[PDB]
Amino acid sequence: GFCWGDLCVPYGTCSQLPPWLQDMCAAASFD
């Protein structure tokens, strides 16, 4: 879960994102 201040990328944004952004969203899910 990558956090930019208070903006943490939701773990469940992956299907709303396209493949290349899902790659990071994978680490968003696990971090």
# chains A, B, ... in the order shown; residues from 1 in each chain; ligands from 1
>>> residues_around(residues="range 8-19 of chain A", least_positions_apart="6", cutoff="7 Å", atoms="only C-alpha atoms", output="MDAnalysis selection string")
chainID A and resid 1:2 25 28:29
>>> select_by_dssp(residues="chain A", states="strand (DSSP E or B)", output="ChimeraX atom specification")
/A:3-4,7-8
>>> select_by_dssp(residues="chain A", states="alpha helix (DSSP H)", output="PyMOL selection string")
chain A and resi 19-30
>>> write_last_selection(atoms="N, CA and C atoms", output="mmCIF file, in the first residue's frame")
data_model
loop_
_atom_site.group_PDB
_atom_site.id
_atom_site.type_symbol
_atom_site.label_atom_id
_atom_site.label_comp_id
_atom_site.auth_asym_id
_atom_site.auth_seq_id
_atom_site.Cartn_x
_atom_site.Cartn_y
_atom_site.Cartn_z
ATOM 1 N N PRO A 19 -3.437 -2.977 -17.015
ATOM 2 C CA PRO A 19 -2.296 -3.880 -16.713
ATOM 3 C C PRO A 19 -1.042 -3.221 -16.098
ATOM 4 N N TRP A 20 -0.519 -2.174 -16.732
ATOM 5 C CA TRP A 20 0.737 -1.577 -16.291
ATOM 6 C C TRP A 20 0.616 -0.906 -14.923
ATOM 7 N N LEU A 21 -0.578 -0.495 -14.578
ATOM 8 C CA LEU A 21 -0.802 0.142 -13.309
ATOM 9 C C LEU A 21 -1.187 -0.904 -12.270
ATOM 10 N N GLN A 22 -1.641 -2.055 -12.752
ATOM 11 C CA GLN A 22 -1.983 -3.175 -11.893
ATOM 12 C C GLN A 22 -0.734 -3.770 -11.302
ATOM 13 N N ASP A 23 0.355 -3.681 -12.048
ATOM 14 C CA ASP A 23 1.677 -4.153 -11.600
ATOM 15 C C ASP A 23 2.077 -3.488 -10.283
ATOM 16 N N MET A 24 1.727 -2.229 -10.148
ATOM 17 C CA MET A 24 2.056 -1.469 -8.955
ATOM 18 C C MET A 24 0.967 -1.672 -7.939
ATOM 19 N N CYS A 25 -0.235 -1.887 -8.440
ATOM 20 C CA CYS A 25 -1.392 -2.121 -7.612
ATOM 21 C C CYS A 25 -1.269 -3.478 -6.922
ATOM 22 N N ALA A 26 -0.473 -4.363 -7.508
ATOM 23 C CA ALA A 26 -0.188 -5.650 -6.894
ATOM 24 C C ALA A 26 0.579 -5.420 -5.602
ATOM 25 N N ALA A 27 1.571 -4.554 -5.674
ATOM 26 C CA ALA A 27 2.349 -4.192 -4.510
ATOM 27 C C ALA A 27 1.527 -3.275 -3.593
ATOM 28 N N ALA A 28 0.529 -2.628 -4.152
ATOM 29 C CA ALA A 28 -0.386 -1.830 -3.362
ATOM 30 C C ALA A 28 -1.250 -2.745 -2.512
ATOM 31 N N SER A 29 -1.648 -3.864 -3.080
ATOM 32 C CA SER A 29 -2.466 -4.834 -2.382
ATOM 33 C C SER A 29 -1.688 -5.469 -1.219
ATOM 34 N N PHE A 30 -0.407 -5.711 -1.449
ATOM 35 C CA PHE A 30 0.450 -6.379 -0.473
ATOM 36 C C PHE A 30 1.268 -5.411 0.380
#
